[PDB]
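Presented as structure tokens, the chain that follows is alone, the form deposited in one PDB entry.
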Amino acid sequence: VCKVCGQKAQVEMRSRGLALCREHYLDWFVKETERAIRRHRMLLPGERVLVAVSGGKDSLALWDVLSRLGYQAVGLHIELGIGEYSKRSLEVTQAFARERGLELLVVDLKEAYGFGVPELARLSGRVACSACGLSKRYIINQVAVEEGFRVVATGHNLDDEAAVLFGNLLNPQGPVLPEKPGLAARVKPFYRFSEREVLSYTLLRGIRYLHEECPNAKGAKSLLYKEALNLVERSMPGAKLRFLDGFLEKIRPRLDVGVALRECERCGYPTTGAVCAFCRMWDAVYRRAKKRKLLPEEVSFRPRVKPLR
């Protein structure tokens, strides 16, 4: 039974001692997102913010919420070139943006750099997961800087953040990354939400999302990590939040840690090396693509990329 109005609740959140019907859950969700934003000063009221959108349940729900909160939320989708999956994610994201009035930017990896993520991985010598994340981070930051965005927002939630923290502790960062020269701020307005809560919002809002997951992350370690943390959450409501908050409040402030950033030789984006990880990756790729007749020898790639629409 809903707390506020007494209609039948459609979401029950033991970890908060809270049950809500559709209407008042949706209202609560939008408000709690803004609370997480205010708490860490993630976004100035009504400012431009670049949202990473893959069409997944998390990023679309985030686009919706930031939009309803009066932020100038512009989506940025990266066509990773992973077959039918990438095509379906593009269509969902495009459809989402057009069914509303939301401005969408798109960067196509193959059309821009010549290769998709899996081919990028094979040639570079990186695990596909690694090459994907590296490409995503570099490109969304590049677009943000080029288009004058101060901040990028991602749809990472509590399960995601708690699993990354857990994995670190098992095999031995935060909600807000500050703005630096040539480097937009990175924030995570959904980091207090469990995956179930975000998905529940997406369903109740009526958002059509891409249900299928990325083909490469089939047996990811994070899945194992999430399952153990959620096994605890089942018997102990609120454990994941206590876990993540405990690290940010009690452990990391008491934790002694160890380098200034440099403009990359090629593209001029911040890095500790002579050349950033991204250009380090593509240099090898092109060099080995040329060396294996997968790319004409008399071509040169310009680092800068233009987003369309």
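One-based numbering along the sequence shown.
Although it is not shown, the form deposited with a small molecule bound is what the next lines describe.
Of these, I78, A144, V74, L165, which has a heavy atom no more than 4.5 Å from the small molecule in the deposited complex?
-> Result of the distance check: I78.
Listed residue that, although the small molecule is not shown, lies within 4.5 Å of it in the deposited complex (heavy atoms), from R126, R205, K136, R192 = Flagged contact: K136.
For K57, is any heavy atom within 4.5 Å of the small molecule in the deposited complex, or not?
-> Although the small molecule is absent here, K57 would touch it in the deposited complex, with heavy atoms inside 4.5 Å.
Counting only non-hydrogen atoms and a 4.5 angstroms cut-off, does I140 reach the small molecule in the deposited complex?
-> Looking in the deposited complex, residue contacts with the small molecule include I140, since a heavy atom lies within 4.5 Å.
With heavy atoms only and a cut-off of 4.5 Å, decide whether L43 touches the small molecule in the deposited complex.
-> Contact with the small molecule, no.
4.5 Å heavy atom contact, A52 to the small molecule in the deposited complex | Yes, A52 is a contact residue.
Since the chain is shown here on its own, which stretch among 153 to 161, 95 to 103, 173 to 181, 229 to 237 would lie within 4.5 Å of the small molecule in the deposited complex, judged by heavy atoms?
-> In the other structure, the partner sits against 153 to 161.
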